[PDB]
Amino acid sequence: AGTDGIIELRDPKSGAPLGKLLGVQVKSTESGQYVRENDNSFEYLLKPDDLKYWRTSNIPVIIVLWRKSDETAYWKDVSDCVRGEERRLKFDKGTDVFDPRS
Amino acid sequence: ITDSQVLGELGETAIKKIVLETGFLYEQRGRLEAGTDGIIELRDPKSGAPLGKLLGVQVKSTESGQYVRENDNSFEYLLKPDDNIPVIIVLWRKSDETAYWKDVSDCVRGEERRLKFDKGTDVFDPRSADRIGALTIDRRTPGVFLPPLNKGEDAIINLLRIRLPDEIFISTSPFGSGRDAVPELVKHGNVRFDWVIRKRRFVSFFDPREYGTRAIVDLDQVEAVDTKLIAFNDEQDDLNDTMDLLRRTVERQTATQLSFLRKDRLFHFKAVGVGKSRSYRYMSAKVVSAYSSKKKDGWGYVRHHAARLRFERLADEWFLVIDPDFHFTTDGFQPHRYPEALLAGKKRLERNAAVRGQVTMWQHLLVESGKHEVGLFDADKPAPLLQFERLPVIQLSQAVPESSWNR
Amino acid sequence: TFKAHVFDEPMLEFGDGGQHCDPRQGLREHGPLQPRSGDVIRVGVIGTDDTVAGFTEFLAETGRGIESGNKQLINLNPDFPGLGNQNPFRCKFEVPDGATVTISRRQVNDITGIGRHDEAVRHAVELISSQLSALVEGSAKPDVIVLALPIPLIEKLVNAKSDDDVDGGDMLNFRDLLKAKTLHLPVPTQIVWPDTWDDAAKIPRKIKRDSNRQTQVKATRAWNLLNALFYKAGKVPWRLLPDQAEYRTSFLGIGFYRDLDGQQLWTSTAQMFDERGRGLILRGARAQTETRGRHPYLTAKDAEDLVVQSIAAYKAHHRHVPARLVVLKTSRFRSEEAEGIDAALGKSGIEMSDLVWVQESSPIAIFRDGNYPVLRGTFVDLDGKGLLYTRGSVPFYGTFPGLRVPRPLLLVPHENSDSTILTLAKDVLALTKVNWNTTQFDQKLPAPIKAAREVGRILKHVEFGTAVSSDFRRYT
DNA sequence: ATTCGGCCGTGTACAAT
RNA sequence: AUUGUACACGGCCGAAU
Ligand SMILES: [Ca+2]
Numbered sequence: 038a039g040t041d042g043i044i045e046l047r048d049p050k051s052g053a054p055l056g057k058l059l060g061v062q063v064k065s066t067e068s069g070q071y072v073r074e075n076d077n078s079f080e081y082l083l084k085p086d087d088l089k090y091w092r093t094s095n096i097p098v099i100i101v102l103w104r105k106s107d108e109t110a111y112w113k114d115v116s117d118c119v120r121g122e123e124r125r126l127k128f129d130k131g132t133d134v135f136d137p138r139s
Numbered sequence: 005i006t007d008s009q010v011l012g013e014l015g016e017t018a019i020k021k022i023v024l025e026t027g028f029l030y031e032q033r034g035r036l037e038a039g040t041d042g043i044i045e046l047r048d049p050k051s052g053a054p055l056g057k058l059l060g061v062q063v064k065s066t067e068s069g070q071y072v073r074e075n076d077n078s079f080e081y082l083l084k085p086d087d095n096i097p098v099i100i101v102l103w104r105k106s107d108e109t110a111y112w113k114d115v116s117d118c119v120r121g122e123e124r125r126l127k128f129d130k131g132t133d134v135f136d137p138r139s140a141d142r143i144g145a146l147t148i149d150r151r152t153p154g155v156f157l158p159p160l161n162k163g164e165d166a167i168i169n170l171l172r173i174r175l176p177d178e179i180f181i182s183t184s185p186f187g188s189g190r191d192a193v194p195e196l197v198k199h200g201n202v203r204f205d206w207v208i209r210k211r212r213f214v215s216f217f218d219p220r221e222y223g224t225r226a227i228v229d230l231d232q233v234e235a236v237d238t239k240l241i242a243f244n245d246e247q248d249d250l251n252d253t254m255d256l257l258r259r260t261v262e263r264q265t266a267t268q269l270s271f272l273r274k275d276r277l278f279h280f281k282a283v284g285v286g287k288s289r290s291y292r293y294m295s302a303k304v305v306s307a308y309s310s311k312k313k314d315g316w317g318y319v320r321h322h323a324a325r326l327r328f329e330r331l332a333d334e335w336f337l338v339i340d341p342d343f344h345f346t347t348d349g350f351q352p353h354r355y356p357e358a359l360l361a362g363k364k365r366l367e368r369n370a371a372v373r374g375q376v377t378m379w380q381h382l383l384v385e386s387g388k389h390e391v392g393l394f395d396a397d398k399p400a401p402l403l404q405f406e407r408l409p410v411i412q413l414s415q416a417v418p419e420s421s422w423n424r
Numbered sequence: 002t003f004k005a006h007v008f009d010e011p012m013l014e015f016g017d018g019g020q021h022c023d024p025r026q027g028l029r030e031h032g033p034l035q036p037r038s039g040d041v042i043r044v045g046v047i048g049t050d051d052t053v054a055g056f057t058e059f060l061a062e063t064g065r066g067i068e069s070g071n072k073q074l075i076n077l078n079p080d081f082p083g084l085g086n087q088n089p090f091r092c093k094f095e096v097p098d099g100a101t102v103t104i105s106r107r108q109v110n111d112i113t114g115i116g117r118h119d120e121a122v123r124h125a126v127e128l129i130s131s132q133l134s135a136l137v138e139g140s141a142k143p144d145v146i147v148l149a150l151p152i153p154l155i156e157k158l159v160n161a162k163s169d170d171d172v173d174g175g176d177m178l179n180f181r182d183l184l185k186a187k188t189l190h191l192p193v194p195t196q197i198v199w200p201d202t203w204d205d206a207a208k209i210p211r212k213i214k215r216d217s218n219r220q221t222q223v224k225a226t227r228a229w230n231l232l233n234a235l236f237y238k239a240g241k242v243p244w245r246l247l248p249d250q251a252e253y254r255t256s257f258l259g260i261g262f263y264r265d266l267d268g269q270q271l272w273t274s275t276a277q278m279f280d281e282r283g284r285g286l287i288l289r290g291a292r293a294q295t296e297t298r299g300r301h302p303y304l305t306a307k308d309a310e311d312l313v314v315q316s317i318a319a320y321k322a323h324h325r326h327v328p329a330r331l332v333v334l335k336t337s338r339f340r341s342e343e344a345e346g347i348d349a350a351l352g353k354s355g356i357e358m359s360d361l362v363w364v365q366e367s368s369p370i371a372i373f374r375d376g377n378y379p380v381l382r383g384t385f386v387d388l389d390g391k392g393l394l395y396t397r398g399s400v401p402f403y404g405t406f407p408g409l410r411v412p413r414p415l416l417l418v419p420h421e422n423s424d425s426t427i428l429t430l431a432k433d434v435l436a437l438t439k440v441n442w443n444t445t446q447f448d449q450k451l452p453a454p455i456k457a458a459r460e461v462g463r464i465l466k467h468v469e470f471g472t473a474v475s476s477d478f479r480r481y482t
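Residue numbers (the deposited numbering), protein chains in the order written: chain Y, 38 to 139; chain E, 5 to 87, 95 to 295, 302 to 424; chain F, 2 to 163, 169 to 482.
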């Protein structure tokens with residue numbers, strides 16, 4: 038389907054599952070290089086059909102990019118995008134790292 | 005003089021002072037252009053060598069005071085649609108001179124709104140050593156180009172405007188072509204080749220009666236009319252004679268300096284002496306010399322600066338084009354057999370600066386030729402029949418980022 | 002009194018409506034304009050077992066990515082991404098089993114063992130064509146066939162040295183003869199020399215026997231070759247981004263080529279128009295007329311029958327005659343041609359037409375102050391005659407890719423033209439970015455003019471009256 | 001023969017200051 | 001002939017004498 042997994046929130050203190058779902062799509066690459074990748078930022082182009090599916094979704098959707106070569110994971114809300122192009126996302130290697138710190 | 009010249013144009017002058025002491029480069033760019041107004045490059049204080057990292061700056065000026073939604077926390081300024096390369100939008104206050112920068116690579120959700128520059132964290136101070144440097148971009152693998160946003164450049168053209176004499180002498184002849192009549196001319200004295208014969212008609216910028224061409228021309232049928240009835244007319248033949256007459260007049264003129272190759276259509280500098288170097292002194302607004310007729314240093318072959326001079330009629334005006342080239346000779350007079358290797362070798366090395374200098378040299382030679390020397394009979398009692406003048410420089414709207422490129 | 006202008010780089014269209022000014026970057030980010038159904042492009046290979054295996058490794062090597070040949074100019078000499086998310090074509094270039102035909106060492110010696118150069122070329126073409134027919138009718142059906150010529154075969158066919171005495175100097179061209187003689191085959195073919203898929207290989211030049219040929223860096227060669235392979239596979243890589251409010255226009259380029267006897271002159275034409283939707287059609291045809299001579303121009307009847315044919319080809323895709331018809335020609339438009347073209351337009355009801363002569367031999371030029379020439383897209387209006395700089399300093403590349411200063415194109419519209427020269431120059435400059443034979447966009451000539459000349463080379467060897475495919479993939 | 005216009009074809013050098 | 005440009009060389013055409 039459009040999404041590859043569902044994230045369900047859970048309070049780290051009491052362990053109570055908050056019941057709030059969160060759609061996740063994972064794109065995995067092998068020793069690749071994202072479009073216009075500096076040492077601090079890069080970009081990504083969303084497929085047009087993926088955008089149409091995500092708009093109809095009734096839950097928030099995040100896009101997670103995983104690279105096997107350096108074990109790096111980056112995330113970004115699909116609705117969030119560059120002001121110019123609806124299909125273009127500008128990732129920042131500092132603030133978009135997918136990890137327990139986020 | 006724009007109404008914003010005092011404010012907008014001079015606003016960026018004060019902004020540079022903050023960056024000048026900070027130690028970051030500022031490269032001038034377009035005033036009102038899409039994307040950038042200046043360029044910032046980080047530099048090493050000890051050496052000053054480039055680091056290969058760039059960043060753009062856009063500054064817009066306003067009036068003194070505050071803006072919509074300004075309390076003592078921040079203010080709220082809007083970004084107009086017409087402004095790749097993320098760029099800091101540096102602002103400028105007038106009541107107390109507090110510049111306000113802010114990024115554009117930042118993504119606060121959608122940026123399509125009003126950029127509320129904070130009054131606590133958007134102060135353009137010398138703290139930009141690592142703060143602004145974090146945003147700067149590099150010309151490596153991603154491939155960030157330098158769009159041309161400048162006031163344009165001034166380009167010169169190969170054309171020289173030709174001012175023909177107000178009168179032209181047209182007459183009949185018992186000869187059909189100049190070849191049929193050249194033996195008639197040579198046996199007489201006061202030999203002059205500056206004329207054209209076609210359709211049993213004689214055309215020359217000089218009066219045939221005065222000079223030695225009286226034999227060919229019907230001396231009683233010499234009538235002087237305006238050139239606008241012979242040159243600037245749709246007749247195909249009349250254009251062809253004008254092409255012939257212009258070259259021969261140019262051929263007879265400048266004869267102290269140039270020579271003509273009959274088999275080709277090439278003008279080239281003649282060599283003084285035999286097999287020795289030479290030089291020319293031409294204008295730029303500067304005095305520049307160049308080896309116009311130069312014998313080689315590695316060997317004895319002589320290379321003469323050359324040009325294929327051709328005439329065009331544009332907007333009912335006559336122009337002369339200059340096409341730089343080279344002519345190679347063994348000793349300055351005999352053409353150099355098998356010159357392909359030498360001719361192709363020199364052509365492969367010239368660039369825009371070299372060809373432009375050659376064009377300016379030939380422009381100066383022709384434009385100065387039309388001028389007369391002070392003394393009478395210094396070169397010839399009649400004035401040169403052709404007056405040339407440089408066209409106004411071509412005002413391109415965009416400039417090549419030559420400074421940004423290497424060297 | 003000459004008004005200047007610097008046109009912005011025309012926007013190209015890639016992938017799912019993506020826009021970019023550079024074919025390489027646009028393909029890298031958005032992918033080809035027409036995506037293939039399937040992730041594999043079956044490429045057949047013909048050559049010796051050394052070259053067939055050598056080229057096959059190269060195709061896999063491009064899948065792994067090729068480092069850029071010059072990091073100083075990363076835009077002029079970019080690195081081939083590979084099979085990651087930056088895959089320029091979103092497909093795999095693979096050679097399926099059974100899709101290779103081996104030129105045996107005996108067969109090479111048959112071609113090399115022939116004295117006369119012309120006989121060797123003719124014998125080689127029949128030998129290669131027979132192998133080509135084997136591939137297409139076999140079980141392994143390729144989409145494009147790559148002919149990896151061995152070094153000894155190139156020496157005999159191109160350099161002709163293994169040479170006999172010169173007889174007129176009109177030596178046969180192996181590539182053009184091979185392309186013409188296999189025009190009836192259903193699969194396009196591509197010729198690849200060993201030095202492009204192997205940096206170690208070196209073929210000496212024909213006349214300069216002591217020097218090898220200099221080739222672009224490996225990354226650039228992979229970019230141009232695979233783009234041509236993708237186009238010949240049956241899909242359009244990129245297209246000019248169309249303005250929303252634009253006249254439905256059809257571009258017709260007209261060119262001439264010497265006959266094989268070296269004296270007569272034939273007319274070869276190419277037509278460009280975008281089909282309904284996301285697509286671009288580039289046809290290559292020869293004027294079906296019998297008026298033989300040495301004139302580098304058309305006759306009144308010849309031009310009329312030519313324009314009518316081009317309109318009918320346009321009407322086959324759109325079902326309506328074009329609103330505008332722009333005719334680009336390599337020689338000056340004469341009175342008989344203009345009235346001949348106008349007669350064809352009146353019969354078809356075409357509203358507007360432009361007759362432009364694209365002259366390259368003009369000596370007029372401009373020079374900016376510096377070491378680099380004027381920007382690409384610089385335009386100067388000379389009383390109607392347009393001086394266009396399709397080649398020059400490219401801001402995207404960061405330099406000017408050329409040896410000497412570029413020679414500008416002089417556009418000379420006929421008096422029977424509708425649009426202004428400034429409008430025509432903007433279209434001519436845009437047409438230079440859709441050649442599809444190279445990924446470098448600072449092309450000097452417009453595509454219809456260039457495509458007409460490329461068709462001419464192949465059609466010198468095709469006898470008149472023989473029906474041939476109009477697909478440009480068979481000539482590029 | 002000239003004078004003006006032009007065009008197409010085959011090779012080398014170079015990857016851009 | 002991955003790709004074209006620049007240059008060199010050669011052939012030829014159109015209008016009138
Ligand atoms: Ca090709």
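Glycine included, each C-beta is placed from N, C-alpha and C at the ideal position.
> Got a sec? Which residues, its chain only, sit under 7 Å from E/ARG220 by beta carbon, not counting five neighbours each side?
Replying inline: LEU230 and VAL233
> Do you know offhand how far F/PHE8's Cα is from E/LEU157's?
Replying inline: 16 Å
>> Comparing C-alpha positions only, which one of E/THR132, E/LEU269 and E/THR346 sits nearest to E/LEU383?
In response: E/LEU269
>> If we define contact as Cβ-Cβ less than 9 Å, is Y/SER78 a contact residue for chain E?
In response: yes
>> Looking only at its chain, what residues have a beta carbon closer than 7 Å to the beta carbon of F/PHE447, apart from the 5 residues adjacent to it on each side?
In response: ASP23, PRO24 and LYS439
> Any heavy atom of ligand 1 closer than 8 Å to the Cβ of E/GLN380?
Replying inline: no
> Taking 9 Å as the CB-CB limit, is F/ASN377 close to chain E?
Replying inline: yes
> Is the Cβ-Cβ distance between F/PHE236 and E/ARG373 less than 9 Å?
Replying inline: no
> How would you label E/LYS21, buried or exposed, when you count the other beta carbons within 10 angstroms and need 16 or more for buried?
Replying inline: exposed
> Closer than 6 Å from C-beta to any heavy atom of ligand 1: which residues, in chain order?
Replying inline: F/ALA234, F/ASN443 and F/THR482
> Mind checking E/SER386: buried by the 16 CB within 10 Å criterion, or exposed?
Replying inline: buried
>> With H, G and I counted as helix, E and B as strand and the rest as coil, what does DSSP make of F/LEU288?
In response: strand
> Under the DSSP definition of a beta bridge, which residues are partnered with F/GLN196?
Replying inline: F/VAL147
> Under the rule that 16 or more other beta-carbon atoms within 10 Å means buried, what is F/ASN86, buried or exposed?
Replying inline: buried
>> For F/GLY39, would you say it is in contact with chain Y, using Cβ-to-Cβ distances shorter than 9 Å as the test?
In response: no
>> Give me the chain E residues within the contact set of F/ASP389, using Cβ-Cβ distance strictly less than 8 Å, ordered along the chain.
In response: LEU331 and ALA332
>> For a minimum of 3 consecutive residues, which ranges assigned as the beta strand (DSSP E) are wholly contained in the region 198-274 of chain E?
In response: 207-209, 212-215, 234-237 and 269-271
> Taking only beta-carbon atoms, is F/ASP9 less than 9 Å away from chain Y?
Replying inline: no
> Excluding sequence positions up to five away, which residues of its chain have a Cβ less than 8 Å from the Cβ of F/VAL314?
Replying inline: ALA350, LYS353 and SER354
> Which residues bound the beta strand (DSSP E) around E/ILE100?
Replying inline: 98-101
>> Please confirm whether Y/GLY69 has its beta-carbon closer than 9 Å to some beta-carbon of chain F.
In response: yes
>> Starting from F/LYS391, trace the alpha helix (DSSP H) in both directions and tell me its first and last residue.
In response: That residue, F/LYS391, is in no alpha helix (DSSP H); its beta strand (DSSP E) goes 391-394.
> When you compare only the Cα positions, how much space is there between F/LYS208 and F/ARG215?
Replying inline: 12 Å
> What separation, rounded to the nearest whole angstrom, lies between the Cα atoms of F/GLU421 and F/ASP201?
Replying inline: 49 Å
> Hey, does F/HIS6 have any beta-carbon neighbour from chain E nearer than 9 Å?
Replying inline: yes
> chain E beta carbons: is any one of them nearer than 9 Å to that of Y/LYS127?
Replying inline: yes
>> Comparing C-alpha positions only, which one of F/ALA54, F/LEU150 and F/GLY18 sits nearest to F/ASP98?
In response: F/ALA54
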